[PDB]
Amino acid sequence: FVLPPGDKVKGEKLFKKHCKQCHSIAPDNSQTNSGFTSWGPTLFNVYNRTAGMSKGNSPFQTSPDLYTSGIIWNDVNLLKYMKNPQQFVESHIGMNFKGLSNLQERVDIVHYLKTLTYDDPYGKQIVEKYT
């Protein structure tokens, strides 16, 4: 497959219409993950960039010998992701988050999350483990 003929001016227009609300184009590189100006990461230099979702189900979490170069934002993957982001995530990493319907489970999760703070004993324990 080769990237078919397209119009980059039309592309700028479509980007301002559909993507600019959540994505910057600034060449920060310090914004390539989430960033500080836009919600989503800067899409500058995104072409052939290693995708952030490569870190989902990180093999590094259990061992540094399981390094993974990850998924690349080449032409095909950009086209497919722009077609259907959720199906792309599910098909490339194995699953996505569509929400938890049960209310007690979500409440229990909130109770757990409230302990992940710099003041809670459990949170203080998580802190020293990473210091």
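The numbering used is simple: start at 1 and walk along the sequence shown.
As listed in the deposited structure, the average C-alpha B-factor of 91 to 99 and of 73 to 81 is greater for 91 to 99. Between the stretches 111 to 119 and 14 to 22, it is 111 to 119 that shows the larger average CA temperature factor. Comparing C-alpha B-factors across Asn29, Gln86, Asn48, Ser38 in the deposited entry, the largest value falls on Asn29. In this PDB entry, the Cα temperature factor of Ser54 sits in the bottom third of its chain's modelled residues, the lowest group.
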